[PDB]
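A.B. asks: Here you go, structure.cif (mmCIF, C-alpha atoms and all ligand atoms):
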```cif
data_entry
#
loop_
_atom_site.label_atom_id
_atom_site.label_comp_id
_atom_site.auth_asym_id
_atom_site.auth_seq_id
_atom_site.Cartn_x
_atom_site.Cartn_y
_atom_site.Cartn_z
CA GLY A 11 -6.94 -91.09 167.33
CA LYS A 12 -10.59 -91.79 166.29
CA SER A 13 -12.04 -88.27 166.75
CA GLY A 14 -9.25 -86.71 164.67
CA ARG A 15 -9.72 -89.30 161.92
CA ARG A 16 -13.46 -88.58 161.90
CA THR A 17 -12.76 -84.90 161.40
CA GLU A 18 -10.28 -85.67 158.58
CA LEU A 19 -12.78 -87.89 156.77
CA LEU A 20 -15.47 -85.25 157.10
CA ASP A 21 -13.18 -82.59 155.60
CA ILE A 22 -12.32 -84.94 152.69
CA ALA A 23 -16.05 -85.43 152.08
CA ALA A 24 -16.64 -81.65 152.22
CA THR A 25 -13.96 -81.03 149.61
CA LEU A 26 -15.44 -83.64 147.23
CA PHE A 27 -18.95 -82.33 147.72
CA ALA A 28 -17.77 -78.78 146.98
CA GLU A 29 -15.99 -79.84 143.82
CA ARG A 30 -18.26 -82.53 142.35
CA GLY A 31 -21.59 -81.70 143.93
CA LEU A 32 -23.66 -83.60 146.42
CA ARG A 33 -25.67 -85.79 144.07
CA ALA A 34 -22.63 -86.88 142.02
CA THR A 35 -20.36 -87.85 145.00
CA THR A 36 -20.67 -91.36 146.47
CA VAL A 37 -19.44 -92.84 149.73
CA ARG A 38 -16.99 -94.92 147.61
CA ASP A 39 -15.63 -91.66 146.11
CA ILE A 40 -15.06 -90.38 149.67
CA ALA A 41 -13.51 -93.60 150.86
CA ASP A 42 -11.21 -93.76 147.78
CA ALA A 43 -10.03 -90.19 148.49
CA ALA A 44 -9.35 -91.26 152.12
CA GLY A 45 -7.43 -94.41 151.11
CA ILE A 46 -10.03 -96.74 152.67
CA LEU A 47 -13.09 -98.83 151.80
CA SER A 48 -16.67 -97.65 152.37
CA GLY A 49 -17.06 -99.93 155.38
CA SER A 50 -14.44 -97.93 157.28
CA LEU A 51 -16.38 -94.79 156.53
CA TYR A 52 -19.59 -96.29 157.95
CA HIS A 53 -17.80 -97.11 161.17
CA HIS A 54 -17.53 -93.31 161.69
CA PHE A 55 -20.73 -92.01 160.00
CA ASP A 56 -24.34 -93.18 159.70
CA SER A 57 -24.72 -92.03 156.12
CA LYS A 58 -23.60 -89.62 153.41
CA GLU A 59 -26.61 -87.55 154.47
CA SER A 60 -25.41 -87.23 158.06
CA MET A 61 -21.97 -86.09 156.79
CA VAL A 62 -23.57 -83.29 154.72
CA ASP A 63 -25.73 -82.30 157.69
CA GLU A 64 -22.72 -82.10 160.02
CA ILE A 65 -20.70 -80.04 157.51
CA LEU A 66 -23.56 -77.59 156.93
CA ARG A 67 -24.44 -77.22 160.63
CA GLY A 68 -20.83 -76.67 161.67
CA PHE A 69 -20.61 -73.75 159.26
CA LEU A 70 -24.12 -72.33 159.67
CA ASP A 71 -24.35 -72.52 163.45
CA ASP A 72 -21.16 -70.45 163.73
CA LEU A 73 -22.16 -68.07 160.93
CA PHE A 74 -25.68 -67.36 162.17
CA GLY A 75 -24.42 -67.06 165.75
CA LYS A 76 -22.17 -64.23 164.56
CA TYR A 77 -24.91 -62.60 162.48
CA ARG A 78 -27.29 -62.64 165.47
CA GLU A 79 -24.73 -61.12 167.81
CA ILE A 80 -23.70 -58.47 165.26
CA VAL A 81 -27.29 -57.27 164.88
CA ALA A 82 -27.75 -57.22 168.68
CA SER A 83 -24.35 -55.53 169.33
CA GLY A 84 -25.32 -51.85 169.18
CA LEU A 85 -23.31 -50.99 166.01
CA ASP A 86 -24.79 -48.19 163.85
CA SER A 87 -26.61 -49.25 160.66
CA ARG A 88 -23.73 -48.92 158.17
CA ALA A 89 -21.26 -50.56 160.58
CA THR A 90 -23.74 -53.38 161.21
CA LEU A 91 -24.05 -54.08 157.47
CA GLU A 92 -20.28 -53.88 157.09
CA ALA A 93 -19.85 -56.40 159.91
CA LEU A 94 -22.40 -58.83 158.47
CA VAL A 95 -20.72 -58.78 155.05
CA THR A 96 -17.23 -59.09 156.53
CA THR A 97 -18.42 -62.12 158.52
CA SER A 98 -19.65 -63.74 155.34
CA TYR A 99 -16.34 -63.20 153.55
CA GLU A 100 -14.47 -64.55 156.59
CA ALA A 101 -16.50 -67.79 156.24
CA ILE A 102 -15.54 -68.04 152.51
CA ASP A 103 -11.94 -68.12 153.79
CA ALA A 104 -12.39 -70.31 156.88
CA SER A 105 -15.08 -72.71 155.62
CA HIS A 106 -14.57 -72.64 151.89
CA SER A 107 -15.95 -76.10 151.08
CA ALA A 108 -19.01 -75.64 153.31
CA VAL A 109 -19.75 -72.25 151.68
CA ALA A 110 -19.47 -73.82 148.22
CA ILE A 111 -21.92 -76.54 149.18
CA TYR A 112 -24.28 -73.95 150.72
CA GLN A 113 -24.11 -71.66 147.68
CA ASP A 114 -24.23 -74.12 144.76
CA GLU A 115 -25.05 -77.57 146.08
CA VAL A 116 -28.21 -77.53 148.25
CA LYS A 117 -31.05 -76.48 145.93
CA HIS A 118 -32.32 -80.03 146.08
CA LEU A 119 -31.95 -80.53 149.88
CA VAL A 120 -35.18 -78.51 150.35
CA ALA A 121 -37.16 -81.64 149.44
CA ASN A 122 -35.58 -83.54 152.38
CA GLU A 123 -37.20 -83.35 155.88
CA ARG A 124 -33.79 -83.55 157.47
CA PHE A 125 -32.80 -80.20 155.99
CA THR A 126 -35.88 -78.12 156.82
CA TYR A 127 -33.53 -75.92 158.86
CA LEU A 128 -32.08 -74.60 155.59
CA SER A 129 -35.41 -72.92 154.73
CA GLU A 130 -35.72 -71.63 158.31
CA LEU A 131 -32.29 -70.09 157.97
CA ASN A 132 -33.24 -68.47 154.66
CA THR A 133 -36.24 -66.87 156.37
CA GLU A 134 -34.02 -65.77 159.27
CA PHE A 135 -31.23 -64.43 157.03
CA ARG A 136 -33.86 -62.19 155.30
CA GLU A 137 -35.25 -61.05 158.69
CA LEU A 138 -31.77 -60.17 159.96
CA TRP A 139 -30.29 -58.50 156.90
CA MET A 140 -33.44 -56.89 155.52
CA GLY A 141 -34.11 -55.64 159.07
CA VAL A 142 -30.74 -53.88 159.06
CA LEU A 143 -31.59 -52.32 155.72
CA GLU A 144 -34.97 -51.11 156.97
CA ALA A 145 -33.42 -49.61 160.12
CA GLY A 146 -30.74 -47.85 158.07
CA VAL A 147 -33.25 -46.35 155.66
CA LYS A 148 -35.33 -45.08 158.62
CA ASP A 149 -32.28 -43.59 160.33
CA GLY A 150 -30.90 -41.93 157.17
CA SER A 151 -27.83 -44.17 156.72
CA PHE A 152 -29.11 -45.72 153.51
CA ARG A 153 -30.89 -44.15 150.57
CA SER A 154 -34.66 -43.84 150.65
CA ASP A 155 -35.01 -44.28 146.88
CA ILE A 156 -33.88 -47.91 146.66
CA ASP A 157 -36.39 -50.68 147.28
CA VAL A 158 -35.35 -52.58 150.41
CA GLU A 159 -36.45 -56.01 149.15
CA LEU A 160 -34.43 -55.55 145.94
CA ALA A 161 -31.43 -54.35 147.96
CA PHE A 162 -31.82 -57.33 150.25
CA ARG A 163 -32.01 -59.75 147.35
CA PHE A 164 -28.85 -58.20 145.86
CA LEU A 165 -27.00 -58.77 149.16
CA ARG A 166 -28.38 -62.27 149.55
CA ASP A 167 -27.52 -63.33 146.04
CA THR A 168 -24.07 -61.91 146.07
CA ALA A 169 -23.07 -63.10 149.59
CA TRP A 170 -21.29 -66.28 148.58
CA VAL A 171 -20.53 -65.92 144.86
CA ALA A 172 -16.81 -65.24 145.38
CA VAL A 173 -16.47 -68.83 146.59
CA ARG A 174 -16.26 -69.84 142.90
CA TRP A 175 -12.85 -68.11 142.49
CA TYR A 176 -11.52 -67.12 145.94
CA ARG A 177 -8.59 -69.15 147.20
CA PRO A 178 -7.94 -69.37 150.95
CA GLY A 179 -4.21 -68.87 151.65
CA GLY A 180 -3.69 -66.66 148.60
CA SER A 181 -1.95 -63.26 148.63
CA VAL A 182 -5.40 -61.60 148.18
CA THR A 183 -6.85 -61.49 151.72
CA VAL A 184 -10.51 -62.11 152.10
CA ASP A 185 -10.43 -58.79 154.05
CA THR A 186 -9.24 -56.83 150.99
CA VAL A 187 -12.06 -58.50 149.04
CA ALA A 188 -14.69 -57.61 151.72
CA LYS A 189 -13.55 -54.01 151.96
CA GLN A 190 -13.75 -53.50 148.22
CA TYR A 191 -17.13 -55.17 147.86
CA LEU A 192 -18.41 -52.93 150.65
CA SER A 193 -16.89 -49.79 149.15
CA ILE A 194 -18.66 -50.50 145.84
CA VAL A 195 -22.02 -51.46 147.31
CA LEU A 196 -22.13 -48.64 149.88
CA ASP A 197 -20.29 -45.80 148.10
CA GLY A 198 -20.50 -46.79 144.40
CA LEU A 199 -18.05 -47.55 141.62
CA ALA A 200 -18.59 -44.13 139.96
CA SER A 201 -16.30 -41.22 140.79
CA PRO A 202 -18.00 -38.87 143.34
CA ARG V 15 -43.17 -77.69 117.56
CA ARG V 16 -39.38 -78.22 117.67
CA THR V 17 -39.12 -74.84 119.44
CA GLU V 18 -41.82 -75.74 121.99
CA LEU V 19 -40.03 -78.99 122.83
CA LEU V 20 -36.67 -77.27 123.23
CA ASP V 21 -38.25 -74.79 125.66
CA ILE V 22 -39.82 -77.60 127.69
CA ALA V 23 -36.41 -79.31 127.84
CA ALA V 24 -34.78 -76.02 128.92
CA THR V 25 -37.25 -75.61 131.80
CA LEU V 26 -36.54 -79.17 133.01
CA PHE V 27 -32.78 -78.68 132.78
CA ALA V 28 -33.08 -75.48 134.80
CA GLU V 29 -35.49 -76.98 137.37
CA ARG V 30 -34.10 -80.56 137.81
CA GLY V 31 -30.56 -80.07 136.46
CA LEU V 32 -29.01 -81.68 133.37
CA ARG V 33 -27.92 -85.01 134.88
CA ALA V 34 -31.22 -85.56 136.68
CA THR V 35 -33.11 -85.10 133.40
CA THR V 36 -33.56 -87.95 130.91
CA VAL V 37 -35.07 -88.03 127.40
CA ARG V 38 -38.15 -89.79 128.84
CA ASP V 39 -38.52 -86.94 131.39
CA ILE V 40 -38.51 -84.39 128.54
CA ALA V 41 -40.90 -86.54 126.48
CA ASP V 42 -43.30 -86.98 129.42
CA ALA V 43 -43.30 -83.24 130.15
CA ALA V 44 -44.01 -82.52 126.48
CA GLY V 45 -46.83 -85.12 126.48
CA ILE V 46 -45.13 -86.95 123.61
CA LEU V 47 -43.32 -90.24 123.09
CA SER V 48 -39.53 -90.45 123.28
CA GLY V 49 -39.44 -91.50 119.63
CA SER V 50 -41.04 -88.17 118.74
CA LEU V 51 -38.19 -86.35 120.52
CA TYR V 52 -35.48 -88.12 118.52
CA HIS V 53 -37.26 -86.96 115.36
CA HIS V 54 -36.30 -83.39 116.29
CA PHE V 55 -33.05 -83.78 118.24
CA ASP V 56 -30.37 -86.48 118.28
CA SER V 57 -29.48 -86.22 121.97
CA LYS V 58 -30.08 -84.47 125.28
CA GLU V 59 -26.55 -83.02 124.85
CA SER V 60 -27.38 -81.50 121.44
CA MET V 61 -30.43 -79.85 123.04
CA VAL V 62 -28.30 -78.29 125.81
CA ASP V 63 -25.86 -77.10 123.14
CA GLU V 64 -28.58 -75.39 121.08
CA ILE V 65 -30.16 -73.81 124.17
CA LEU V 66 -26.85 -72.31 125.29
CA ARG V 67 -25.77 -71.11 121.85
CA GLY V 68 -29.11 -69.39 121.12
CA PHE V 69 -28.80 -67.43 124.34
CA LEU V 70 -25.09 -66.69 124.16
CA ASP V 71 -24.98 -65.80 120.48
CA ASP V 72 -27.66 -63.13 120.90
CA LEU V 73 -26.15 -61.89 124.17
CA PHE V 74 -22.58 -61.44 122.96
CA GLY V 75 -23.79 -59.93 119.72
CA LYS V 76 -25.46 -57.26 121.80
CA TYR V 77 -22.45 -56.81 124.11
CA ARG V 78 -20.18 -56.33 121.07
CA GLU V 79 -22.57 -53.78 119.56
CA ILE V 80 -22.79 -51.88 122.83
CA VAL V 81 -19.02 -51.66 123.31
CA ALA V 82 -18.68 -50.47 119.67
CA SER V 83 -21.56 -47.98 119.94
CA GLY V 84 -19.64 -44.95 121.24
CA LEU V 85 -21.45 -44.40 124.54
CA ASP V 86 -19.61 -42.81 127.44
CA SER V 87 -18.05 -45.20 130.00
CA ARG V 88 -20.84 -45.21 132.56
CA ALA V 89 -23.57 -45.43 129.91
CA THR V 90 -21.71 -48.35 128.27
CA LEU V 91 -21.56 -50.26 131.58
CA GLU V 92 -25.23 -49.48 132.25
CA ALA V 93 -26.17 -50.87 128.81
CA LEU V 94 -24.11 -54.04 129.22
CA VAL V 95 -25.72 -54.77 132.59
CA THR V 96 -29.21 -53.96 131.34
CA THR V 97 -28.65 -56.35 128.39
CA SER V 98 -27.70 -59.13 130.82
CA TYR V 99 -30.86 -58.55 132.86
CA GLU V 100 -33.04 -58.48 129.74
CA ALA V 101 -31.63 -61.94 128.88
CA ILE V 102 -32.70 -63.19 132.34
CA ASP V 103 -36.26 -62.11 131.49
CA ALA V 104 -36.22 -63.37 127.87
CA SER V 105 -34.24 -66.59 128.31
CA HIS V 106 -34.66 -67.42 131.92
CA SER V 107 -34.05 -71.16 131.64
CA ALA V 108 -31.00 -70.73 129.42
CA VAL V 109 -29.47 -68.30 131.89
CA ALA V 110 -30.14 -70.70 134.79
CA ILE V 111 -28.50 -73.54 132.86
CA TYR V 112 -25.48 -71.32 132.03
CA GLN V 113 -25.15 -69.87 135.60
CA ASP V 114 -25.87 -72.95 137.71
CA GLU V 115 -26.03 -76.16 135.67
CA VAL V 116 -22.94 -76.58 133.50
CA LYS V 117 -19.93 -76.74 135.90
CA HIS V 118 -19.44 -80.34 134.70
CA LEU V 119 -19.38 -79.27 131.01
CA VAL V 120 -16.69 -76.54 131.19
CA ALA V 121 -13.91 -79.12 130.74
CA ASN V 122 -15.85 -80.94 127.96
CA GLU V 123 -14.52 -80.63 124.36
CA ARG V 124 -17.77 -79.82 122.50
CA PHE V 125 -18.46 -76.90 124.94
CA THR V 126 -15.06 -75.21 124.44
CA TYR V 127 -17.01 -72.09 123.53
CA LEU V 128 -17.83 -71.54 127.23
CA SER V 129 -14.17 -70.79 127.94
CA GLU V 130 -13.77 -68.66 124.83
CA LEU V 131 -16.78 -66.64 126.04
CA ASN V 132 -15.19 -66.07 129.48
CA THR V 133 -12.26 -64.56 127.67
CA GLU V 134 -14.47 -62.43 125.43
CA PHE V 135 -16.64 -61.32 128.36
CA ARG V 136 -13.46 -60.12 130.08
CA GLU V 137 -12.12 -58.37 126.94
CA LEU V 138 -15.40 -56.50 126.55
CA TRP V 139 -16.30 -55.72 130.16
CA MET V 140 -12.79 -55.20 131.57
CA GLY V 141 -12.09 -52.91 128.59
CA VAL V 142 -15.01 -50.74 129.63
CA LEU V 143 -13.94 -50.68 133.29
CA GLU V 144 -10.35 -49.76 132.44
CA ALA V 145 -11.50 -47.02 130.02
CA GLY V 146 -13.80 -45.58 132.69
CA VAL V 147 -11.09 -45.51 135.34
CA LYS V 148 -8.81 -43.79 132.82
CA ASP V 149 -11.41 -41.15 131.81
CA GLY V 150 -12.42 -40.45 135.41
CA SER V 151 -15.88 -42.06 135.18
CA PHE V 152 -15.03 -44.80 137.71
CA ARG V 153 -13.01 -44.51 140.90
CA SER V 154 -9.22 -44.72 140.63
CA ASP V 155 -8.80 -46.07 144.18
CA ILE V 156 -10.56 -49.39 143.50
CA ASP V 157 -8.83 -52.63 142.55
CA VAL V 158 -9.94 -53.04 138.92
CA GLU V 159 -9.37 -56.83 138.96
CA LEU V 160 -11.67 -57.30 141.97
CA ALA V 161 -14.19 -54.86 140.44
CA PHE V 162 -14.28 -56.94 137.28
CA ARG V 163 -14.68 -60.15 139.31
CA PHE V 164 -17.61 -58.48 141.09
CA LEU V 165 -19.31 -57.53 137.79
CA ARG V 166 -18.77 -61.05 136.37
CA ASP V 167 -19.76 -62.86 139.64
CA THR V 168 -22.99 -60.92 139.90
CA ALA V 169 -24.24 -60.74 136.30
CA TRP V 170 -26.64 -63.71 136.49
CA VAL V 171 -27.35 -64.32 140.16
CA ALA V 172 -30.87 -62.81 140.06
CA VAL V 173 -31.85 -65.78 137.88
CA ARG V 174 -32.53 -67.82 140.97
CA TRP V 175 -35.53 -65.67 141.88
CA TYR V 176 -36.44 -63.42 139.00
CA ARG V 177 -39.30 -64.64 136.82
CA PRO V 178 -41.19 -62.90 134.01
CA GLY V 179 -44.45 -61.33 135.14
CA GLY V 180 -43.32 -60.45 138.67
CA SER V 181 -44.50 -57.26 140.36
CA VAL V 182 -41.80 -55.15 138.71
CA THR V 183 -40.11 -55.49 135.37
CA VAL V 184 -36.55 -56.65 134.90
CA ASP V 185 -35.79 -53.08 133.75
CA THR V 186 -36.61 -51.84 137.30
CA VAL V 187 -34.44 -54.55 138.80
CA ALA V 188 -31.54 -53.59 136.45
CA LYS V 189 -31.91 -49.88 137.23
CA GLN V 190 -31.88 -50.47 140.99
CA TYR V 191 -28.92 -52.78 140.89
CA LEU V 192 -27.00 -50.30 138.67
CA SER V 193 -27.89 -47.52 141.08
CA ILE V 194 -26.42 -49.47 144.02
CA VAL V 195 -23.29 -50.57 142.13
CA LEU V 196 -22.53 -47.20 140.57
CA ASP V 197 -23.80 -44.71 143.19
CA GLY V 198 -23.86 -46.78 146.39
CA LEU V 199 -26.57 -47.74 148.86
CA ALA V 200 -25.35 -45.20 151.49
CA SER V 201 -27.04 -41.80 151.68
CA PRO V 202 -25.06 -38.85 150.31
MG MG E 301 -13.37 -74.60 142.06
#
```
Mind converting the file's structure to structure tokens?
C.D. replies:
Amino acid sequence: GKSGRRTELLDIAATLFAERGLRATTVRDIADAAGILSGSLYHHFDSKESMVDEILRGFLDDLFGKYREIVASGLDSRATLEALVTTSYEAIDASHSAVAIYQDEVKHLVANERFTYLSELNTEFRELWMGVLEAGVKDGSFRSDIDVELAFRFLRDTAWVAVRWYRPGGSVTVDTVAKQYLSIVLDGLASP
Amino acid sequence: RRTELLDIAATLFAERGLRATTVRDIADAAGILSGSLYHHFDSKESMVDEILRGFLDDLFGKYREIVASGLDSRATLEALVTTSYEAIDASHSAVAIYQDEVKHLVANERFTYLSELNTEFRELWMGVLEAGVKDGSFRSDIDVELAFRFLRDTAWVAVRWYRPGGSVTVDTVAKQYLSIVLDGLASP
């Protein structure tokens, strides 16, 4: 009973945070959406803050666990990059609200002690992905005339942007979207 | 003076966000009294409006000229993208406000122009994509709708890190990003 309700309340909060933003969503907004009063919410959660933290960690622990294993898995450089990107798109489908909060809603969490892990993960994401780029330039998979930091920043800044329009459960599979993004970024939009 | 103040406001909007910025915040940052602000502008909202319009009017004027200019399909796309990047360098705060700070204004009446500009951006950019697929410039095996979404999704994202006076110019950034998008990151 209680554990399932907790999960439901947390998902309602995630959806409101993704739509309205973190700073503009109150515990009363969450409670209203759940058909309860704020007191009932506090029986399950310490704070709005703790809800955000749990939503972000659920998503990021899983995501970074996959990134880390992909890079350690022995795939060649192009396949490694393809797997990393595909994993990101799969999260847009599976964890849509969390991705939206991560992409558009957490600029201002950097100021908060409790969310220092976000900056650590930014450092780590660069290490992982830019490392793959470096290895693929060295091994001939990727072009040697593109700056690796610029290429990294392009990948980083375009990882989550589809969350603004992508609808989970639509006829357009997140897989179709990943494959096309990868075909453009790796092989180019121009006719060969 | 009115221009200096508007720029200071734009920086605050981009750095704090619109709703976290008050008139007194803008006044304080400008080292002036709030009363002096109201001499130039009637509201925080009117300031946002003028910042966005200045940027978007110039931008879409250039997009319209480029599409009308008779370049080949790839060169037209290259020019449109390069124009977007030049706006990130020239109007950094305005781009940040447009890209990241106005989700709550899209449904607002006085900012109806945002939606009209989505439509126009599509007319102009999707027109170029479709023409380039037709003339053999761009691949026929790609989903043109998803390709457009990718060009639109990614136009402004470098605003979060790019600043004037960095170690390379925005022209270098534009050229490298065009090279990836058009020719691919993989080796031949
Ligand atoms: Mg939405």
A.B. asks: Please identify every residue of chain A that has at least one atom no more than 6 Å from any atom of chain V, counting all atoms listed in the file, and report them as a list in words.
C.D. replies: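 Contact residues on the first chain: residues 151, 152, 153, 167, 194, 195, 196, 197, 198, 199, 200 and 201 of chain A.
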A.B. asks: Pick out the closest residue to residue V:79 from this set: V:144, V:17, V:138, V:24. Count all atoms listed in the file.
C.D. replies: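 Distance minimum relative to residue V:79 lands on V:138.
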A.B. asks: At a cut-off of 7 Å around ligand MG 301 (chain E), and using all atoms listed in the file, what residues come up? Please write them as a list in words.
C.D. replies: residues 29, 174 and 175 of chain A
A.B. asks: Between atom CA of residue V:141 and atom CA of residue V:106, what distance in Å does the model show, to one decimal?
C.D. replies: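 Computing the Euclidean distance for atom CA of residue V:141 and atom CA of residue V:106 yields 27.0 Å.
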A.B. asks: Between atom CA of residue V:92 and atom CA of residue V:72, measure the distance and give it in Å to one decimal.
C.D. replies: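 Interatomic distance, atom CA of residue V:92 to atom CA of residue V:72: 17.9 Å.
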A.B. asks: Can you measure atom CA of residue V:178 to atom CA of residue V:127 for me? One decimal in Å is fine.
C.D. replies: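 According to the coordinates, atom CA of residue V:178 and atom CA of residue V:127 are separated by 27.9 Å.
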A.B. asks: Assuming 3 Å of padding per side, give the centre and edge lengths of the axis-aligned box around every listed atom of stretch 78-88 of chain V, in Å to one decimal and as JSON.
C.D. replies:
```
{"center_x": -20.4, "center_y": -49.6, "center_z": 126.1, "size_x": 10.7, "size_y": 19.5, "size_z": 19.0}
```
A.B. asks: Which residue gives the smallest distance to residue V:48 among V:131, V:91, V:19, V:82, with all atoms listed in the file counted?
C.D. replies: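 Going through V:131, V:91, V:19, V:82 one by one, the smallest distance to residue V:48 is for V:19.
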A.B. asks: Out of A:135, A:98, A:26, A:38, which residue has the shortest atom-to-atom distance to residue A:188 when counting all atoms listed in the file?
C.D. replies: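 The answer is A:98, which sits nearest to residue A:188.
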A.B. asks: Near residue A:74, within 10 Å and counting only C-alpha atoms, which residues show up once chain neighbours fewer than 2 positions away are dropped, as an MDAnalysis selection string?
C.D. replies: chainID A and resid 69:72 76:80 94 97:98 131 134:135 138
A.B. asks: Just the residues within 12 Å of residue V:16, please, counting all atoms listed in the file, with nothing from its chain fewer than 6 positions along; format it as a ChimeraX atom specification.
C.D. replies: /V:22-23,44,50-55,61,64
A.B. asks: In terms of the shortest atom-to-atom distance over all atoms listed in the file, which of A:22, A:102, A:43, A:91 is closest to residue A:143?
C.D. replies: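 Nearest to residue A:143: A:91.
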